[PDB]
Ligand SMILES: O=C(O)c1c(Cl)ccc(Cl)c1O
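Next up: just one chain, as structure tokens, the form deposited without 3,6-dichloro-2-hydroxybenzoic acid (HXX).
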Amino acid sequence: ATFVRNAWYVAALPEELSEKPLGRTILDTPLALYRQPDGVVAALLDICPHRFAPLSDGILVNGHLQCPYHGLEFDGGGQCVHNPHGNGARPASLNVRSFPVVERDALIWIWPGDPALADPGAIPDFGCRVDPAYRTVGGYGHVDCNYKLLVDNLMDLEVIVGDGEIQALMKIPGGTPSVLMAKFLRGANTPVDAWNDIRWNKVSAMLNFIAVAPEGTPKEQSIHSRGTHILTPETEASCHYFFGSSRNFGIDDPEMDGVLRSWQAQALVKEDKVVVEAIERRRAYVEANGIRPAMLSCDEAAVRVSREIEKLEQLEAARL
């Protein structure tokens, strides 16, 4: 596959991690993701340097991940800290590869490329996920399609182009009938404007803005929800979906939490998950013939994000 490795991707949501490691594949790389007894998240290559057993099937022993096959022990940095055989010796060849991980904005970000180039300044800005003004709920979903098809889906219903960031803004005075959603509709009564924005950040992290407000008031003074919609490639033809909603209205609604923690309700439904997986199963045919997609007006935002990913995939491929 052709992946963009020198970039931050979400590998998990913080609640998924524990002292029991989680095995998850990121850009065709099996990682063992666990949280150390002092709370710091580690990401080790899920292939023991000895005879390749899966570290993610082990447990922590004195805060060290102990391989379930023969008991080599590893720290968050990948250094072998205990060898229970023979002279107990730990040459450098017993170290497992370690990945940069930064926990920020209720997200576990990982750098799968050159670990020396990992720069926390490049992590996309998702502060609303930790903002006490917002109520943030969400979850995880696995999808059997290449990540770019869900990037299209999400970049879909003014387009500003920046460096490693793209914005697709739509302001809707009144709409086709009423430009009010059921959750927004109960807020006020006087005539309203609505917004439907989404921001794309380098590789495949996205944040939308769904808003309704009386008359023509500050966009930020509206009743709104910011959607976390982040994709991380799993294999060339599969990916992980991290979705979440940060709402500023009816914050302490235990009922609203239920519908928004649903897979079909916050991200793509059953017919919407079926569309991307179904498109993916049609890839071999469209490629075998000369079948290229037919663009419409509503595709400008998606096409520009697609071209940014294409540039990045070619630029890294040029390196190797």
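Just count from 1 along the sequence shown to find any residue number. The term rigid core refers to the maximal set of C-alpha atoms that superpose within 1.5 Å between the two forms.
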item: Missing from the model but present in the deposited sequence, between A92 and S93; value: none
item: 132-140 versus 232-240 - which carries the larger mean C-alpha B factor in the record; value: 132-140
item: Stretch with the greater mean C-alpha B-factor as recorded in the entry, comparing 241-249 against 112-120; value: 241-249
item: C-alpha B-factor winner, where the candidates are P100, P177, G76, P84; value: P177
item: Options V269, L60, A32, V275 - largest CA temperature factor per the record; value: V269
item: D257 - Cα temperature factor, lowest/middle/highest third of chain; value: highest
item: Relative C-alpha B-factor of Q264, binned into the chain's lowest, middle or highest third; value: highest
item: Relative C-alpha B-factor of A213, binned into the chain's lowest, middle or highest third; value: highest
item: CA B-factor placement of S222, once the chain's modelled residues are sorted into thirds; value: highest
item: Third of the chain's Cα B-factor distribution that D105 belongs to, per the entry; value: lowest
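Keep in mind that the form solved in complex with 3,6-dichloro-2-hydroxybenzoic acid (HXX) is not shown, yet the notes after this line are about it.
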property: One stretch from 232-240, 176-184, 109-117, 128-136 that, in the bound PDB entry, holds residues within 4.5 Å of 3,6-dichloro-2-hydroxybenzoic acid (HXX) by heavy atom; result: 176-184
property: Partner contact for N208 in the bound PDB entry: 3,6-dichloro-2-hydroxybenzoic acid (HXX), 4.5 angstroms, heavy atom; result: yes
property: 4.5 Å heavy atom contact, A42 to 3,6-dichloro-2-hydroxybenzoic acid (HXX) in the bound PDB entry; result: no
property: Partner proximity in the bound PDB entry: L268 to 3,6-dichloro-2-hydroxybenzoic acid (HXX), non-hydrogen atom cutoff 4.5 Å; result: yes
property: Contact label in the bound PDB entry: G227 to 3,6-dichloro-2-hydroxybenzoic acid (HXX), heavy atom within 4.5 Å; result: yes
property: C-alpha displacement of 2 Å or more between this form and the one not shown on the rigid core, among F126, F184, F243, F99; result: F184
property: Rigid core superposition, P84 Cα moves 2 angstroms or more between this form and the one not shown; result: no
property: Core-superposed C-alpha of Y69 shifting 2 Å or more between this form and the one not shown; result: no
property: CA of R261, rigid core aligned, shift of 2 Å or more between this form and the one not shown; result: yes
property: In the bound PDB entry, shift in Cα separation for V137 relative to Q264, 3 Å or more; result: closer
property: Cα separation of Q264 and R129 in the bound PDB entry versus here, shift of 3 Å or more; result: closer
